[PDB]
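Protein chains in written order, with the authors' numbering: chain A, 1 to 212; chain B, 10 to 60; chain C, 1 to 221; chain D, 7 to 174; chain E, 262 to 312.
Written out as structure tokens, the structure is:
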């Protein structure tokens, strides 16, 4: 029944900055809106109800302002732990509707990663497959490139990539590049290397390993 | 035949309020406006500027 | 505390009946409305509906035709039953408690843990666990990375722990990545001082729920 | 005013509502419209009453010397008199507005009941305790139609006529 | 010696006998201080801050 426009979809602000999220409604509501904070893969936690009622135990930095069709969630000082997806719910009329949510990231100092290579498991080798892992821990921003150098020959693809979400404490990211292939059970070539290029690196860093 | 009733809320709240016609009226929901406790500390407001 | 846990099959075949059960810890379920809400992957939330023991339920219109909500006062649970599942309804489910009347309208302070229900014609394929040894050729000084690979498993829900919860810092259980094989690879990593690489032993405990697999493995230099 | 007898510890979803009992079972269900209006009103009331109090701050006390005893007594009198005036205003507004709040809620009761009575003019029968017995079958769709103010009297007028007149 | 008047504000000059423990409150009375946005208090009339 009631359509929810939560602008804007993505934000990134430095610590201490004020943050405002707007939640426009298709139909006006006598300030019966609520604001929830959903941490990564965690139960969504309500922040403010009645558009003006700061729930018990919520830091006072959160302030909800609005009635009619326009409401705003305002974080007075953005803190590390406030990185999440924020949703606005309406309990004026059924069906209860939520907004598409707003992702609130954090702008921080550019941080170099720490790289770690993991050779494949021999147990896996016996099953005819093979996978090596490049690991980049505690970096900022997410924009890094992890490339693969088998016998100093960059590989075409055969490498998927997973990025952790922003750490609540540090707001630093972590990435894993999984080289997956057997070929000659990678017995055809022995040299293995991780080209790591990140904004925190003046020059790229390459760690490497060979036959055990 | 079928029956349909009209009613209103009740709970276990013991909040008593006064009115002019009657006092100690126990109600479902109330708000205490009166703050009546302190921490007993001459503490700082935004800085240990208190001397 | 009132605590809400959630039990779901993880996989439902495309033309079957999804049955979900939310279990409550220390509340008389007869005296509260109970709400189901759901989230497709990382997309928005959708209010499924509300049911009560001595009241009248109400469901979302798009799911109304197919939803039945019931309550077991004996077991202290409430269950969803969705007919004619579609693979588009493939999402995380959450169960919440509808609190009583307050001055700001009705509140949902309590929340479930979320369970993934994915609707697929594939099976319950158990995970394969392989240890990520460290680098003896690396500095062997301070920074030391250790890991565990859960390389192939099919319904997404997987739990990863380290020393059964003891190792609590510097852990980066990565997101699951779908492989071209239609299986999911899942890396989990911990950063540790290299001094303790000898005296301390590090074990990864991996529990894939719908395959009902609890494989635990060592990680040695 | 026109108060009632009884309480509904089971209805946990609103100030006001219904208890329905038909072929499909029974249950409580809060009237979201009238409770929503009452919450709007009481919120606006509390906010107005409190907002009027919000005015300016001022360091209250003053100190006067031995050759200024009299302006000192006048200043203490002024402080204390503003204290009394504000105390008395707060006390009486609290008292009278709790009175009027209970009365407002009572009137909301009356309005809801008269709405339902106008919908079910003859098709039902006033029990007396604050309910209605249907001379016809009111299934869940009928219940909801009454609850959202769209009951169809000619729909059940003939069934109700037959049963009602069968009684006498 | 003389005193340059740097900044003027809204302090006070209490007569009281207490100590100073870090709490960073908003509303301080000669007796104590706690935080609350209730509209009324019966603690003390001499108050500094949002009170």
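Where a beta carbon is used, it is the ideal one built from N, C-alpha and C, also for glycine.
- The Cβ neighbour count for residue 9/D, taken over all protein chains shown within 10 Å, is under 16; the residue is labelled exposed.
- In this structure, residue 42/C places its C-beta atom within 9 Å of the C-beta atom of residue 85/A.
- Shown here, residue 207/C sits in a strand according to DSSP, grouped into three states.
- In the three-state reduction of the DSSP assignment, residue 46/C falls in the strand class, which pools E and B.
- When the beta-carbon positions are compared, residue 143/D and residue 53/D stay at least 9 Å from each other.
- If the five residues before and after residue 151/C are omitted, its C-beta is found closer than 7 Å to the C-beta atoms of 128, 130, 185, all from its own chain and listed in chain order.
- Among the CB atoms of chain D, none fall inside 9 Å of the CB of residue 28/A.
- The three-state reading of DSSP puts residue 64/C in helix, counting H, G and I together.
- Contact annotation: the region 209-219 of chain C does not touch the region 113-122 of chain D, with fewer than three C-beta pairs closer than 8 Å.
- Taking CB atoms only, residue 124/A has a neighbour in chain C less than 9 Å away.
- For residue 130/C, the closest Cβ of chain A is nearer than 9 Å.
- A distance below 9 Å separates the beta carbons of residue 31/A and residue 68/A.
- C-alpha of residue 210/C to C-alpha of residue 119/C: approximately 13 Å in a straight line.
- The continuous beta strand (DSSP E) containing residue 139/D extends over residues 137-140.
- When Cβ pairs closer than 8 Å are counted between the two stretches, the region 33-42 of chain A is seen to touch the region 86-99 of chain A, the count reaching three or more.
- Per the coordinates, the alpha-carbon of residue 285/E lies some 39 Å from the alpha-carbon of residue 44/C.
- Looking at the DSSP output, residue 101/C shares a beta bridge with 106/C.
- Excluding residues up to 5 positions away in sequence, 271, 272, 273, 288, 289 lie with their Cβ nearer than 8 Å to the Cβ of residue 309/E in the same chain.
- Residues are counted here when their Cβ sits less than 7 Å from a Cβ of chain D; for the region 12-35 of chain B these are 12, 13, 14, 15, 16, 17, 18, 19, 20, 26, 27, 28, 29, 30, given in chain order.
- Per DSSP, residue 163/A is one residue of the beta strand (DSSP E) stretching across 159-163.
- Under the 9 Å criterion on CB atoms, residue 49/D is classed as interfacial with respect to chain C.
- Only residues of its own chain outside the window of five on either side were considered, and among them 49, 67 have a CB closer than 6 Å to the CB of residue 59/C, listed in chain order.
- Per DSSP, reduced to three states, the secondary structure at residue 77/A is coil, with no helix or strand assignment.
- The C-alpha of residue 41/B is placed about 27 Å away from the C-alpha of residue 53/B.
- By the Cβ test, the region 129-144 of chain A is in contact with the region 102-117 of chain A, since at least three Cβ pairs between them sit closer than 8 Å.
- With a cutoff of 9 Å on beta-carbon distance, residue 20/C and residue 89/C are scored as not near each other.
- Residue contact check for residue 146/D against chain C: a CB pair falls below 9 Å.
- Secondary-structure assignment with DSSP links residue 193/C through a beta bridge to 143/C.
- Membership of residue 150/A in the beta strand (DSSP E) is indicated by the continuous run 144-150.
- Taking 9 Å as the cut-off, the Cβ atoms of residue 16/B and residue 12/D count as close.
- Taking each of 32/D, 46/D, 31/D in turn and checking the Cα distance to residue 38/D, the smallest one comes out for 46/D.
- The Cβ of residue 10/B sits closer than 9 Å to at least one Cβ of chain D.
- Fully enclosed beta strand (DSSP E) runs of no fewer than 3 residues occupy 84-90, 102-107, 114-118 of the region 64-134 of chain A, in order along the chain.
- Beyond the five residues adjoining it in sequence on each side, residue 176/C comes within less than 8 Å, by CB distance, of 156, 158, 184, 185, 186 in the same chain, given in chain order.
- In chain order, 187 place their CB closer than 6 Å to the CB of residue 174/C, counting only its own chain and leaving out the 5 sequence neighbours on each side.
- Per DSSP, the beta bridge partners of residue 294/E are 289/E.
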